[PDB]
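Asker: Residue numbers (the entry's author numbering), protein chains in the order written: chain L, 1 to 433; chain H, 1 to 433; chain I, 318 to 370. Using N, Cα and C, we set each Cβ at its ideal position, and we do this for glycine too. This structure is in structure tokens; I'll ask about it shortly.
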Amino acid sequence: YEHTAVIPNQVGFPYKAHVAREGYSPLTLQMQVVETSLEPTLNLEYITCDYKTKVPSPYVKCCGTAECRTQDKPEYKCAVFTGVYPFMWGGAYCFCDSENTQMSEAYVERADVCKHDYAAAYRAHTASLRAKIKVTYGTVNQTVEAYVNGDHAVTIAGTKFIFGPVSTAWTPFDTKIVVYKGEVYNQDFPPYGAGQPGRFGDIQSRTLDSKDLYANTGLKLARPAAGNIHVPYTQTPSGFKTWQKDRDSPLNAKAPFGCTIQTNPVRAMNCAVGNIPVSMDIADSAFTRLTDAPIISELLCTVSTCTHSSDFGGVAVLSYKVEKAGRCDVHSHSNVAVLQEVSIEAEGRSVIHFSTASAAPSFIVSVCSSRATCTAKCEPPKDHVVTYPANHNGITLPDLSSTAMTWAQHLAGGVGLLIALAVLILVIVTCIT
Amino acid sequence: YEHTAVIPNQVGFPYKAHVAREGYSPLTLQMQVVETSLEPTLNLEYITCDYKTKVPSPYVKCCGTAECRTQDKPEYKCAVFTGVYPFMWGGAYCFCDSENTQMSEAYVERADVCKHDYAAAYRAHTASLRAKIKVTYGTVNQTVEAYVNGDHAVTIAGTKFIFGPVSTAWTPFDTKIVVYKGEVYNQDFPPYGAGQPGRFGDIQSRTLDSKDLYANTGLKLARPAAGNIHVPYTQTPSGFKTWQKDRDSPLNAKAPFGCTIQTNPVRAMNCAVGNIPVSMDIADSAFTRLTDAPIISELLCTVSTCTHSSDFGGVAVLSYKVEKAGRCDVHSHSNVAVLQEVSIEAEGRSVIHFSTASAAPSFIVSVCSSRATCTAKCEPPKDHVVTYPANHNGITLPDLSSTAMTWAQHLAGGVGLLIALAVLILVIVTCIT
Amino acid sequence: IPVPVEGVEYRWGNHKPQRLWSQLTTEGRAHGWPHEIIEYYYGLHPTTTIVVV
Ligand SMILES: *[C@@H]1O[C@H](CO)[C@@H](O[C@@H]2O[C@H](CO)[C@@H](O[C@@H]3O[C@H](CO[C@H]4O[C@H](CO)[C@@H](O)[C@H](O)[C@@H]4O)[C@@H](O)[C@H](O[C@H]4O[C@H](CO)[C@@H](O)[C@H](O)[C@@H]4O)[C@@H]3O)[C@H](O)[C@H]2NC(C)=O)[C@H](O)[C@H]1NC(C)=O
Ligand SMILES: *[C@@H]1O[C@H](CO)[C@@H](O[C@@H]2O[C@H](CO)[C@@H](O[C@@H]3O[C@H](CO)[C@@H](O)[C@H](O)[C@@H]3O)[C@H](O)[C@H]2NC(C)=O)[C@H](O)[C@H]1NC(C)=O
Ligand SMILES: *[C@@H]1O[C@H](CO)[C@@H](O[C@@H]2O[C@H](CO)[C@@H](O)[C@H](O)[C@H]2NC(C)=O)[C@H](O)[C@H]1NC(C)=O
Numbered sequence: 001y002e003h004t005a006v007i008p009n010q011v012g013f014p015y016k017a018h019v020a021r022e023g024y025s026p027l028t029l030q031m032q033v034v035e036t037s038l039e040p041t042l043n044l045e046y047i048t049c050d051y052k053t054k055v056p057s058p059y060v061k062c063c064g065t066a067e068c069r070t071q072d073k074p075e076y077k078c079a080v081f082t083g084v085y086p087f088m089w090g091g092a093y094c095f096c097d098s099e100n101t102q103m104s105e106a107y108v109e110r111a112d113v114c115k116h117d118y119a120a121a122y123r124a125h126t127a128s129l130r131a132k133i134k135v136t137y138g139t140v141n142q143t144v145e146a147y148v149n150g151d152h153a154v155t156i157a158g159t160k161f162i163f164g165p166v167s168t169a170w171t172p173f174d175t176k177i178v179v180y181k182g183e184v185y186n187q188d189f190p191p192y193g194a195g196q197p198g199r200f201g202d203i204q205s206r207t208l209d210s211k212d213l214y215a216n217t218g219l220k221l222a223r224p225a226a227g228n229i230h231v232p233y234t235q236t237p238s239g240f241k242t243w244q245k246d247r248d249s250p251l252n253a254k255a256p257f258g259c260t261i262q263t264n265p266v267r268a269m270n271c272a273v274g275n276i277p278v279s280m281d282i283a284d285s286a287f288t289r290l291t292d293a294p295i296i297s298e299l300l301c302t303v304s305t306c307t308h309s310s311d312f313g314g315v316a317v318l319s320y321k322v323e324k325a326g327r328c329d330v331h332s333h334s335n336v337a338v339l340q341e342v343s344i345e346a347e348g349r350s351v352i353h354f355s356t357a358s359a360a361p362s363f364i365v366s367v368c369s370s371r372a373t374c375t376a377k378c379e380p381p382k383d384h385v386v387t388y389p390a391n392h393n394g395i396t397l398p399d400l401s402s403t404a405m406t407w408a409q410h411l412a413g414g415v416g417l418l419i420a421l422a423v424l425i426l427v428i429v430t431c432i433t
Numbered sequence: 001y002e003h004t005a006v007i008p009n010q011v012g013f014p015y016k017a018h019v020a021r022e023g024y025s026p027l028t029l030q031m032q033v034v035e036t037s038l039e040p041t042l043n044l045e046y047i048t049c050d051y052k053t054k055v056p057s058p059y060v061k062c063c064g065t066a067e068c069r070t071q072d073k074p075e076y077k078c079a080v081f082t083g084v085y086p087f088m089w090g091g092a093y094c095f096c097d098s099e100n101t102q103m104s105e106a107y108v109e110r111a112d113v114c115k116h117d118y119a120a121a122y123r124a125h126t127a128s129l130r131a132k133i134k135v136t137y138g139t140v141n142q143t144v145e146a147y148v149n150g151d152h153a154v155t156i157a158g159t160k161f162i163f164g165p166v167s168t169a170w171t172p173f174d175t176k177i178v179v180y181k182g183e184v185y186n187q188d189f190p191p192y193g194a195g196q197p198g199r200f201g202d203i204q205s206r207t208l209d210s211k212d213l214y215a216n217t218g219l220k221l222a223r224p225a226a227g228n229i230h231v232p233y234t235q236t237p238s239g240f241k242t243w244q245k246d247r248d249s250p251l252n253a254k255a256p257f258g259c260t261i262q263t264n265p266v267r268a269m270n271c272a273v274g275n276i277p278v279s280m281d282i283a284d285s286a287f288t289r290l291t292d293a294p295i296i297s298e299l300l301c302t303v304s305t306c307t308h309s310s311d312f313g314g315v316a317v318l319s320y321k322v323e324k325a326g327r328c329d330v331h332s333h334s335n336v337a338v339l340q341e342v343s344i345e346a347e348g349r350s351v352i353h354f355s356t357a358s359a360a361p362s363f364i365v366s367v368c369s370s371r372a373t374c375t376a377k378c379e380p381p382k383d384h385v386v387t388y389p390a391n392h393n394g395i396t397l398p399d400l401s402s403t404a405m406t407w408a409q410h411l412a413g414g415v416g417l418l419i420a421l422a423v424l425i426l427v428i429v430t431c432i433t
Numbered sequence: 318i319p320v321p322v323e324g325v326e327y328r329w330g331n332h333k334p335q336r337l338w339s340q341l342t343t344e345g346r347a348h349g350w351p352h353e354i355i356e357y358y359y360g361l362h363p364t365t366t367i368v369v370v
């Protein structure tokens with residue numbers, strides 16, 4: 001049997017879909033989702049960590065010079081200076097007054113200790129959901145898990161459920177994602193040329209194994225001082241260990257719709273983004289043949305009390321006269337409330353729990369191809385806040401039954417009588433002429 | 001200095017960039033494109049392979065019956081049969097003629113070669129172009145490798161180069177393609193759970209190791225005939241091999257723009273569409289001081305013969321005077337023609353080779369801060385077909401050139417003067433009012 | 318084989334695929350004092366923008 005539905009994507013909200021199928025007692029299905037993770041795809045641009053200035057030993061000579069033979073390393077600057085009188089532990093160094101020469105160099109490598117504490121920069125594209133439902137109907141309720149718009153149509157108990165397609169793929173992601181140890185951020189990372197040092201992404205690498213990191217670290221040498229031996233270098237601080245301070249604002253905080261963010265892989269689960277369309281090819285076996293399910297007649301329902309609560313406010317009891325002992329599914333044919341349960345051991349009395357939103361629960365409640373009207377006034381609650389979501393999601397304000405708009409129903413009145421009769425009296429001198 | 005240019009995205013077309021940077025010796029530069037790999041981002045769901053109907057030896061007995069297990073396996077089929085009395089290698093097997101009962105069972109497991117060939121249903125998306133081009137400005141002849149999305153841009157020879165992003169985000173692909181040993185097929189696939197037997201996708205699995213797998217191979221087993229011990233079973237054959245012999249349309253014979261397909265990873269190559277933005281951060285060191293520039297007075301031009309060809313058909317010698325010689329440059333100041341080399345050797349007179357497609361070009365000249373015109377008529381070539389593409393990307397037919405347009409210039413039409421005479425004789429009709 | 322201006326690549330046997338291209342081969346005379354040269358510019362882009370003349 002082919003039948004579809006449109007359910008909302010909210011964790012824990014129990015949704016009902018009622019099926020009026022021929023030659024069998026009517027059927028009720030219930031479904032609710034829990035882990036609706038939007039696992040996005042991903043891409044890569046580069047990586048970034050701290051650095052280490054690999055300075056070698058210094059080189060001197062006694063009245064003989066040298067030059068900088070090149071060395072294909074990253075940031076291999078070098079220079080050579082004169083006018084040096086280098087003291088040591090044993091005092092003086094050599095005998096050549098003002099002809100001695102100094103040799104030094106510097107070059108920076110991706111520091112080894114960042115192999116396990118790194119930051120990654122990603123571009124990102126469209127996402128795809130993963131719904132995980134309990135399907136809660138007359139056969140021992142099973143759990144299903146699916147990609148919502150792969151249309152990959154998992155099956156349970158002889159029945160083939162397809163899902164989706166999901167609308168607009170609304171994502172809490174920009175297009176320039178950056179990821180740290182257990183967090184994510186939205187930034188504008190520099191496009192593989194670090195036009196500014198002392199920033200984030202100051203040094204880069206295509207992966208953890210690429211053999212050539214790129215650094216615009218801004219490192220120039222200096223001149224050695226008078227007397228002592230050392231190597232003076234002045235370069236900017238590490239842009240990484242100074243970027244880790246000014247993060248201040250994860251996507252974990254400013255995420256809309258409450259999506260919890262996780263890493264390895266990046267994923268956003270339990271989002272209240274829109275809703276889900278579903279279609280069912282329902283197995284013909286799991287029904288019941290209507291000669292066996294009892295046909296209860298001569299019924300009119302009642303009510304007890306109503307509430308604009310959230311959990312389950314209104315309770316309404318029903319009276320019906322049995323003819324054979326059995327069971328039957330129940331349903332409400334409108335959106336103005338939902339029901340706590342699915343079936344009833346239908347022997348005479350029946351207590352059910354509904355949840356109205358605002359003003360007037362006009363009801364059509366069904367029991368095995370029997371309709372019954374129901375209305376009830378309400379008493380609004382007294383509390384302010386609760387610690388759990390709502391179960392009356394079908395928010396509907398208005399109605400018309402015996403209390404709402406009734407003053408308008410008496411207010412309309414008047415005018416037309418006056419004008420019509422007044423003109424049909426006007427004619428009595430203006431139809432003879 | 002910074003400048004921006006465009007370039008047509010094909011192979012072979014030499015492009016010239018003639019920056020007009022006053023106060024210096026002028027400069028043109030050449031870029032030529034030697035690859036365009038266009039890769040999309042793969043996202044697979046399942047694979048395929050021929051199965052193997054693996055069946056164990058059948059359980060036999062007389063003189064009593066048995067039952068069956070149905071453990072967790074792919075498509076566990078089994079049934080017992082009442083009255084199976086066989087023969088054997090010699091004589092018989094039981095003497096319980098009305099109680100000879102035989103059980104049989106078989107299931108489906110992926111074949112041995114399923115570790116070696118498949119068809120991945122790739123849901124690929126969001127292609128991203130690449131390039132391997134070479135640039136030559138003054139003392140440079142070196143090549144470069146560039147991504148063309150707006151991000152990656154580094155350097156060559158101490159100058160900064162940036163390529164892209166693209167003009168029109170077009171792919172020569174679809175959304176839901178399939179791969180094979182070396183090919184690509186732009187077709188649909190079953191939805192991973194609608195594997196109707198015999199067609200494509202009769203068995204599938206998320207990867208090579210998803211230890212549970214879908215199958216709808218219509219397998220059913222019947223009862224054997226008397227005497228011989230065996231087991232019969234019927235199902236449609238392994239539809240993968242049927243799909244092998246009716247492929248009938250690869251992408252390497254149908255893809256547009258001649259952009260050929262390769263795999264591992266799945267990419268396209270040499271796409272002849274669109275243009276590329278490009279921005280240059282060019283350093284000073286390539287330039288030359290206008291003090292040391294070749295000074296050239298009284299520049300003229302002329303032509304010898306034109307060939308309206310594909311190759312560099314036009315030869316135009318160039319008359320120019322001299323007062324001090326050096327290394328000069330040359331460039332065309334329209335889109336109509338193109339020039340062969342980027343420089344001359346300044347000695348008295350030069351020869352250049354220019355190329356066009358319109359038989360009456362007026363590319364003016366540009367030579368070392370001296371611009372002067374020369375126009376030429378042309379003549380179609382004796383040949384019909386060639387074995388190299390065009391080198392004249394400015395295929396712009398209508399030039400004015402005062403050669404065929406001069407007749408339209410001789411469509412002047414002083415009959416407007418005649419109309420003016422008509423209005424004036426109307427006026428002198430009116431002057432006797 | 319149809320050869321337009323955009324070229325044609327044919328693949329035959331087990332060679333490498335080879336390519337052909339078509340340069341401008343239409344033939345009037347393109348010039349003349351008794352001209353009849355509108356046929357020439359019918360040779361390029363025919364049945365298109367002769368309605369303008
Ligand atoms: C505390 O614990 C965490 C969790 O284990 C550690 O984090 C990981 O460190 C390991 C060891 O390096 C990482 O494993 C390596 O990942 C490399 C690349 O990342 C990709 O692959 C992983 C799965 O492996 C994906 O999850 C991820 O998204 C990427 O797709 C792999 O390339 C490495 O594989 C190796 O073998 C191949 C083949 O021989 C080699 O070519 C590789 O070079 C490499 O040797 C390996 O899988 C793991 O990714 C890390 N997890 C993260 C960062 O989340 C921490 O390191 C640990 N703490 C400390 C201090 O070490
Ligand atoms: C099918 O539907 C029934 C509803 O009739 C589901 O039942 C309820 O199931 C949960 C667990 O799934 C029960 O939970 C926990 O039980 C422990 C004791 O084992 C208790 O200490 C916890 O506080 C909690 O109650 C729960 O009791 C049970 N009943 C009610 C009234 O909530 C059932 O889970 C569905 N699925 C299956 C496979 O049966
Ligand atoms: C740029 O310089 C290179 C060599 O420095 C020139 O050469 C190519 O040389 C390699 C050498 O292995 C050959 O394999 C190629 O076939 C050569 N290519 C060509 C087109 O000749 C190259 O020609 C120079 N570029 C110029 C002159 O434009």
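With the cut-off set at 8 Å, would you say residue 46/H and residue 21/H are in Cβ contact?
Answerer: Locating residue 46/H in the second sequence gives position 46, where the first residue counts as 1. Locating residue 21/H in the second sequence gives position 21, where the first residue counts as 1. Not in contact: residue 46/H and residue 21/H (Cβ atoms no closer than 8 Å).
Asker: Examine ligand 1 and report whether any of its heavy atoms sits within less than 7 Å of the Cβ of residue 40/L.
Answerer: Translated into the one-based positions of the first sequence, residue 40/L becomes position 40. Because no heavy atom of ligand 1 lies under 7 Å away, the Cβ of residue 40/L does not count as near it: no.
Asker: Check whether the Cβ of residue 45/H lies closer than 8 Å to any Cβ atom in chain L.
Answerer: What you label residue 45/H is simply residue 45 of the second sequence in a count that begins at 1. Chain L, which has a Cβ nearer than 8 Å to the Cβ of residue 45/H, makes this yes.
Asker: Label residue 228/H either buried or exposed according to how many other C-beta atoms from any shown protein chain fall within 10 Å of its C-beta, with 16 as the threshold for buried.
Answerer: Residue numbering aside, residue 228/H sits at position 228 when the second sequence is read from its first letter. It counts as exposed.
Asker: Which partner residues does residue 16/H have in the DSSP bridge list?
Answerer: Counting from one through the second sequence, the residue named residue 16/H turns up at place 16. In DSSP, residue 16/H forms a bridge with 30/H.
Asker: Let me know the secondary structure DSSP gives residue 269/H once reduced to three states.
Answerer: The residue you call residue 269/H lines up with position 269 of the second sequence. In the structure shown, residue 269/H sits in a strand (DSSP, three-state: E or B).
Asker: Looking at the structure shown, is residue 329/L part of a helix, part of a strand, or coil, going by DSSP?
Answerer: Taking the first sequence and counting its residues from 1, one reaches residue 329/L at position 329. In this structure, residue 329/L counts as strand in the three-state DSSP scheme.
Asker: Below 7 Å, is the gap between the Cβ of residue 209/L and the nearest heavy atom of ligand 1?
Answerer: Along the first sequence, one-based indexing puts residue 209/L at 209. Yes; taking the cut-off as 7 Å, the Cβ of residue 209/L has a heavy atom of ligand 1 nearer than that.
Asker: If we count Cβ pairs, one from each stretch, closer than 8 Å, do we get three or more for the segment 274–281 of chain H versus the segment 255–264 of chain H?
Answerer: no
Asker: Check whether chain H comes within 8 Å of residue 151/L, counting only Cβ atoms and requiring the distance to be less than that.
Answerer: What you label residue 151/L is simply residue 151 of the first sequence in a count that begins at 1. It does; some Cβ of chain H falls within 8 Å.
Asker: Could you tell me whether the Cβ of residue 388/H comes closer than 8 Å to any Cβ of chain I?
Answerer: Reading the second sequence from its first residue, position 388 is the one you call residue 388/H. Yes, its Cβ sits closer than 8 Å to a Cβ of chain I.
Asker: Answer yes or no: do residue 391/H and residue 332/H have a C-beta to C-beta separation smaller than 8 Å?
Answerer: For this step, residue 391/H is matched to residue 391 along the second sequence. For this step, residue 332/H is matched to residue 332 along the second sequence. No.
Asker: Show which residues of chain I have a CB atom less than 7 Å away from the CB atom of residue 404/H.
Answerer: In the second sequence, residue 404/H corresponds to position 404, counting from 1. By Cβ distance, chain I contributes 354.
Asker: Any heavy atom of ligand 2 closer than 7 Å to the CB of residue 264/L?
Answerer: Translated into positions along the first sequence, residue 264/L becomes position 264. Result no, Cβ not under 7 Å from ligand 2.
Asker: Spell out whether any CB of chain L is found under 8 Å from the CB atom of residue 73/H.
Answerer: Here residue 73/H refers to the residue found at position 73 of the second sequence. The beta-carbon of residue 73/H is placed no less than 8 Å from the nearest beta-carbon of chain L.
Asker: Note down the Cα distance separating residue 211/L from residue 143/H, rounded to an integer number of angstroms.
Answerer: In the first sequence, counting from the first residue as 1, residue 211/L sits at position 211. In the second sequence, counting from the first residue as 1, residue 143/H sits at position 143. Distance between the alpha carbons of residue 211/L and residue 143/H: 20 Å.
Asker: Tell me the DSSP secondary structure of residue 40/L in three-state form.
Answerer: The residue you call residue 40/L lines up with position 40 of the first sequence. Of the three classes helix, strand and coil, the one that applies to residue 40/L here is strand, per DSSP.
Asker: Against chain I, with Cβ distances strictly below 8 Å, would residue 201/H count as a contact?
Answerer: Along the second sequence, read from residue 1 onward, the residue named residue 201/H stands at position 201. It does not: the Cβ of residue 201/H has no partner Cβ on chain I nearer than 8 Å.
Asker: Please give me, in chain order, every unbroken run of the beta strand (DSSP E) with length at least 3 that falls completely inside the segment 93–120 of chain H.
Answerer: 101–110
Asker: Taking the alpha carbon of residue 79/L as the reference point, which residue from 27/L, 282/L and 224/L has its own alpha carbon closest?
Answerer: Taking the first sequence and counting its residues from 1, one reaches residue 79/L at position 79. When each option's Cα is compared against that of residue 79/L, the closest is 224/L.
Asker: Using CA coordinates, which residue listed in 336/H, 4/H, 432/H and 369/H is at the minimum distance from residue 396/H?
Answerer: Indexing the second sequence from 1 puts residue 396/H at position 396. Checked all of 336/H, 4/H, 432/H and 369/H; the closest Cα to residue 396/H is 336/H.
Asker: What does residue 33/H reach in chain L if we use C-beta pairs closer than 8 Å?
Answerer: Within the second sequence, numbered from 1, the residue matching residue 33/H stands at position 33. Within 8 Å Cβ-Cβ: nothing; residue 33/H doesn't reach chain L, min ~21 Å.
Asker: Please classify residue 31/L as buried or exposed, where buried requires at least 16 neighbouring CB atoms within 10 angstroms.
Answerer: Counted from its first residue, the first sequence places residue 31/L at position 31. Result: buried.
Asker: By how many angstroms is the C-alpha of residue 350/L removed from the C-alpha of residue 323/L?
Answerer: The residue you call residue 323/L lines up with position 323 of the first sequence. The residue you call residue 350/L lines up with position 350 of the first sequence. Rounded to whole angstroms, residue 323/L to residue 350/L spans 15 Å at the Cα level.
Asker: Counting pairs of Cβ atoms below 8 Å between the segment 3–19 of chain L and the segment 176–195 of chain L, do you hit three or more?
Answerer: No, because fewer than three Cβ pairs between the segment 3–19 of chain L and the segment 176–195 of chain L fall closer than 8 Å, the two stretches do not touch.
Asker: Following the continuous beta strand (DSSP E) through residue 6/H, name the residue where it begins and the one where it ends.
Answerer: Along the second sequence, one-based indexing puts residue 6/H at 6. Its beta strand (DSSP E) spans residues 2–8.
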